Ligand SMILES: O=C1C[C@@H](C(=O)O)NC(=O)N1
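This document opens with one chain alone, in structure tokens, the form solved without the ligand.
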């Protein structure tokens, strides 16, 4: 009755450690990942302190090695000060992350010249990822061409954005992109229900026409990634709600529902949650690692999923068909039917594996 899948990869998660551990930490976030059929995550650098230099990366790496229950890589974050300073640690990171729209004080870039400096100084063989909305997608693509390298665009959310990327790919430009589940399964039609606080997310929820354009242009989407952005309900409902949805525990159930409805194939799903993440970020295979799912079980997403400390979900009330039954990670049962069974610290930094280093010319 079950289906065996390879170990799935989420290349865009915010696990909030160090500095935001009331929202989530490595142990709780990777528990959420395992319960969602995810066995490897790439953690974003907008923590407190942000991962914008070698000492912060060193700290975050040890916190993750001690807290993570699944395997991981850590992004470095581009700042207005660190271009040309990351060469020694660059290869130990998942990649470099550029935050090109409204963001946290330390990751804010004031000028496209600062983008150029990062594209010019970051090692040419290592991944660069950009949070780039609307015309920013076009702008960062221009910077990538001027510096003659590739770029990966995070959470594409709009018809405008996916059609621009489509046009770039038609010209042979080296761009890849990812889409998050809330931009495939939620729209403006849901804002009435969510409210202005819970509904706050960046990129914001799109129109029904945005959602339909993403599905119509599935061929253009290289990866699915949750953009797991845990904030507590108190923060989402308060005066200055931060953007973001939790999503690790709901991503695969939502997508398996789409597969069961014929909206995409099982292969389409596995290209976007396994093969393409591997090849874009040069992430290594995980030995004796697999996920068993039940495609027949129908359930309704509750007000909060078991594991994320976010303790809320924007998908509450949606009917889904598909559930993660068992996860085996490197030969150990990591998850069965609502219980995580590997301790904090079982997870490892895949960039330290010999097969996890990005190949490079001498």
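Positions refer to the first chain, counted from 1.
Beyond what is shown, the protein has a form deposited with the ligand bound; the following relates to that form.
Which residue, 158, 282, 169, 202, has a heavy atom that falls within 4.5 Å of the ligand in the entry with it bound? Of 158, 282, 169, 202, the residue with a heavy atom within 4.5 Å of the ligand in the entry with it bound is 202.
May I ask you to state whether residue 28 is within 4.5 Å of the ligand in the entry with it bound, using heavy atom distances? Close contact is absent here: in the entry with it bound, residue 28 is far from the ligand, nothing within 4.5 Å, heavy atoms only.
Can any non-hydrogen atom of residue 241 be found within 4.5 angstroms of the ligand in the entry with it bound? Answer no; every heavy atom of residue 241 is more than 4.5 Å from the ligand in the entry with it bound.
Residue 272 within 4.5 Å of the ligand in the entry with it bound, heavy atoms: So residue 272 does not count as contacting the ligand.
Would residue 131 sit within 4.5 Å of the ligand in the entry with it bound, counting heavy atoms only? Close contact exists here: in the entry with it bound, residue 131 approaches the ligand to within 4.5 Å, heavy atoms only.
Kindly indicate whether 69, 71 and 330 are, all three, within 4.5 angstroms of the ligand in the entry with it bound, using heavy atoms. Answer is no for this spot.
Exactly one stretch in 242-250, 136-144, 216-224, 158-166 has heavy atoms within 4.5 Å of the ligand in the entry with it bound; which is it? Among the listed stretches, the partner-contacting one is 242-250.
Where, within 23-47, is there a heavy atom within 4.5 Å of the ligand in the entry with it bound? Residue list please. The one in contact is 46.
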